[PDB]
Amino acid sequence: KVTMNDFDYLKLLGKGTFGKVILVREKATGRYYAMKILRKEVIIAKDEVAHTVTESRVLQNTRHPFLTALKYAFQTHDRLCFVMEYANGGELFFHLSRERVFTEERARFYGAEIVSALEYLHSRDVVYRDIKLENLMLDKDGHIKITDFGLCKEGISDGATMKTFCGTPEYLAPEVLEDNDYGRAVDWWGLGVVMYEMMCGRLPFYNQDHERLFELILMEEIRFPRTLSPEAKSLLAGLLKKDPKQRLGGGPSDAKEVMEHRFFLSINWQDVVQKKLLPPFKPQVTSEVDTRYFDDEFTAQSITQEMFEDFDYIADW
């Protein structure tokens, strides 16, 4: 058993919709982690208990360099909690905001590592459904760490389908904005939105009203900056094909179509997953408590079964 007070609560990394992630230290080993702290009341109140359960099951059965690995999960008389590897580098949305845009090559690095994680997830019959900049953290070495498995769905092999209207509005695939069911190709759409943002420096579709936003996703053709390379334009045009069947990654071969697209011609997919490739950026941290790649907005704050039968967990590593 692992206890709330096995952990120092050092710095508030993130807080909101989800819950509260805090940079902690393990009192025993002195190791550093990010601990997502959820209130059981909030979860039950909202029916979305199966998501907070599925998140645990997925973090327990997935192992990949570009997925956040779970160290321990447990609960208390009031709260569900996950302890996960800490990504010192912040998230890409933070870096992108500052940089405004990445180079194609830099976008290709993060893209390849995402294509890597998603191929792996799809191989395990998991659909992630929430690919967005905000969920893409960087670790201490500048490698992608996918984060927030709330909306995942298991059991999704090949042409199996899903029905939950979920995801993040700006990132929704068109098919998800129609009635009935959709498949795993929503993740490739999602990949296209983050890649477009990386290379073009904005979302391909945006309105602050969701009805207009949804209209844009369903009805508007993407635009590309003139200077974007033909290979980049092609990649984006494939991933953000509105028809999932015409979409790059939408065929029966899933990730293989994306991996074999010419944008990725220079990638050795074995070297990616084996992190042999030199990152384009490594976050410069002085200490373990150096939270410069998180908003001072959030960090400068102070801080204080039947249903969850399959939630608790401890790692072999």
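Between two forms, the rigid core is the largest collection of C-alphas that superpose within 1.5 Å. One rule holds for the numbers: they count along the sequence shown, beginning at 1.
_Which of the two stretches, 186 to 194 versus 75 to 83, has its Cα atoms farther on average from this form in 9 other deposited structures of this protein when everything is superposed by the rigid core?_
Taking the RMS over all superposed structures in 9 other deposited structures of this protein, 75 to 83 lies farther out.
*Quick one: with the core lined up, is it 233 to 241 or 208 to 216 that wanders further in 9 other deposited structures of this protein, going by C-alpha RMS?*
Larger mean C-alpha displacement, comparing 233 to 241 and 208 to 216 in 9 other deposited structures of this protein, is found in 208 to 216.
_Where both flanking residues are modelled in the other PDB entries compared, is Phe165 itself missing in a third or more?_
Yes, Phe165 lacks coordinates in at least a third of the other compared entries that model both of its neighbours.
*asked:* Of the other PDB entries for this protein whose models extend past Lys46 on both sides, does at least a third leave it without coordinates?
replied: Other entries vs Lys46: at least a third skip it.
*How much of the deposited sequence is absent from the coordinates between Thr304 and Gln305: none, 1 to 3, 4 to 9, or 10 or more residues?*
Per the record, 10 or more deposited residues are absent between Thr304 and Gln305.
_Stretch exceeding the other in mean C-alpha B-factor - 266 to 274, 284 to 292_ = It is 284 to 292 that shows the higher mean C-alpha B-factor.
*Comparing 164 to 172 with 103 to 111, where is the mean C-alpha B-factor higher?*
So the stretch with the higher mean C-alpha B-factor is 164 to 172.
*Could you tell me which one of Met259, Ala28, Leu248, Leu67 shows the highest CA temperature factor in the PDB record?*
It is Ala28.
*Should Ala237 be placed in the lowest, middle or highest third of its chain by the C-alpha B factor in the entry?*
Within its chain, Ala237 is a lowest-third residue by C-alpha B-factor, going by the deposited values.
*asked:* When the deposited Cα B-factors of this chain's modelled residues are ordered and cut into thirds, is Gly142 in the lowest, the middle or the highest one?
replied: For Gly142, whose C-alpha B-factor we compare with every modelled residue in the chain, the answer is the lowest third.
*Split the chain's modelled residues into thirds by Cα B-factor; is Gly150 in the lowest, middle or highest one?*
According to the entry, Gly150 has a C-alpha B-factor in the chain's middle third.
_Relative C-alpha B-factor of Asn135, binned into the chain's lowest, middle or highest third_ = For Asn135, whose C-alpha B-factor we compare with every modelled residue in the chain, the answer is the lowest third.
*Going by what the PDB entry lists, where does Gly192 fall on CA B-factor within its chain: lowest, middle or highest third?*
Lowest third of the chain for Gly192's C-alpha B-factor.
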